[PDB]
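Novice: Before I ask anything, here's the sequence and the deposited coordinates:
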Amino acid sequence: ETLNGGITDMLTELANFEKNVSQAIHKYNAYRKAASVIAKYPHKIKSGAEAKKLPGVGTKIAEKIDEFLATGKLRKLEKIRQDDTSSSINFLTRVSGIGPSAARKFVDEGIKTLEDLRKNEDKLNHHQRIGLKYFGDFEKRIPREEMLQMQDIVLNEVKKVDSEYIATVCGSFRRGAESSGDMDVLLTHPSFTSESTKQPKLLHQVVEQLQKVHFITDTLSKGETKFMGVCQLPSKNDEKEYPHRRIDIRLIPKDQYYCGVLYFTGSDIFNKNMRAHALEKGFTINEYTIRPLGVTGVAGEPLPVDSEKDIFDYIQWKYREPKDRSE
DNA sequence: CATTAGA
DNA sequence: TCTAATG
Ligand SMILES: [Ba+2]
Ligand SMILES: [Ba+2]
């Protein structure tokens, strides 16, 4: 957590590079496991050799460990950190819609900058277009104060179209957080569950609502169960307009809400931990359900959930408010 | 780890 | 269809 620090950090820096700038999936996977194991080790690594006894710790990385331990740096790392092409790739990637594959290609062509990208709006897809368009506001954080404002509206139209809707704004938002990155809307309806052959409109109806009123302003992607877009709070009585915010709405079988909700509400650790516990408590949890465990090794059969509570009751735990779902 | 765009 | 990109 701190004794192993430089090493892991360095390591992940090293991995992230192969992954992005190069296409060395394996090298990439190689740095990562090591970085993983060195991180668990209970002692201060004092040399490669020591490190090296590790699983996944080979000659190559051990050799990097010495250089780092000896000199407080690493040339490859300094060389990469310097590398304009490689810098370029890391950068283009911040554009929503630009993954690595694209980054390299863009660079290939000579498009390294933000402006480059402008000048070539044509070479970009609608996604990347919006990404581009809203590069600043995409990078900006979302004050809870706004999250509040946003959630308000959202619940308003939802209810508007059909009273029988259920919408939850999941994530750190959900967990109190002073600020969020984007807004997560988990959606469901009785008339939709496990078997009940869809009702894509269920999704459709709402997005359309949100738009109608101007909450939605763009579409990154719209499918029959997962809508992904851009929104904005009504810029008041002038002098102050609001930043473009990423939003995501998704349909869910009413029969799987709570788990999904539970699960999407996090935290990543609270989850892992509760989950670990349901294992002992003779269960299994996962984004959609909660099944009892059968001794044979495994088992099935989804216990019924009507609230975040049920899942709790099931593993006989303390209902934890989302506030303190921290870990 | 599943959903969507696109080519 | 596959393959990239999001989460
Ligand atoms: Ba070894
Ligand atoms: Ba990106």
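Specialist: Everything's here; your move. Numbering: from 1, shown residues only, chains lettered A, B, ... in the order given. Ligands and ions are numbered 1, 2, ... in the order given.

Novice: For the closest residue to DNA strand B within the stretch 151-300 of chain A, list the residues it contacts.
Specialist: Nearest to DNA strand B in the stretch 151-300 of chain A, going by Cβ to the nearest atom of the strand, is residue A:223, at a distance of 1.8 Å. In this view, the C-beta of every residue, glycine as well, is placed from N, C-alpha and C. The contact partners of residue A:223, taken as Cβ atoms under 8 Å, 6 or more residues apart in numbering, number zero.

Novice: tell me the strands in chain A, going along the chain?
Specialist: Counting by DSSP state E, chain A has strands at residues A:142-143, A:166-169, A:179-180, A:183-189, A:216-222, A:226-231, A:245-253, A:283-286, A:289-292.

Novice: which ones are touching residue A:60?
Specialist: Counting by Cβ under 8 Å, 6+ apart, there are no residues that residue A:60 touches.

Novice: Actually, residue A:183.
Specialist: So residue A:183 contacts A:142, A:147, A:150, A:151, A:169, A:171, A:173, A:231, A:245, A:246, A:247, A:248 (Cβ under 8 Å, 6+ apart).

Novice: Got a PyMOL select line for the buried ones in those?
Specialist: Buried residues within these, by 16 or more other Cβ atoms under 10 Å, are selected in PyMOL with:
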select buried, chain A and resi 142+147+150+151+169+171+173+231+245+246+247+248
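
Novice: Out of the contacts of residue A:183, the closest to residue A:317 would be?
Specialist: Nearest to residue A:317, judged by Cβ to Cβ, of the contacts of residue A:183 is residue A:171 at 21.5 Å.

Novice: What is the burial count for the closest residue to the closest one other than its chain neighbours?
Specialist: Leaving aside its chain neighbours, residue A:171 sits nearest to residue A:184 (4.4 Å; criterion: Cβ to Cβ, 6 or more residues apart in numbering). Neighbourhood size, residue A:184 [other Cβ atoms under 10 Å]: 20.

Novice: State the distance from residue A:184 to residue A:201.
Specialist: Going from residue A:184 to residue A:201 by Cβ to Cβ, to the nearest Å gives 22 Å.

Novice: go on, residue A:35?
Specialist: Distance from residue A:35 to residue A:201, by Cβ to Cβ: 47 Å.

Novice: Please apply the same query to residue A:178.
Specialist: 37 Å.

Novice: returning to that earlier point: what's near enough to touch the residue nearest to residue A:171?
Specialist: Here residue A:184 is in contact with A:169, A:170, A:171, A:173, A:174, A:248, A:264 (Cβ under 8 Å, 6+ apart).
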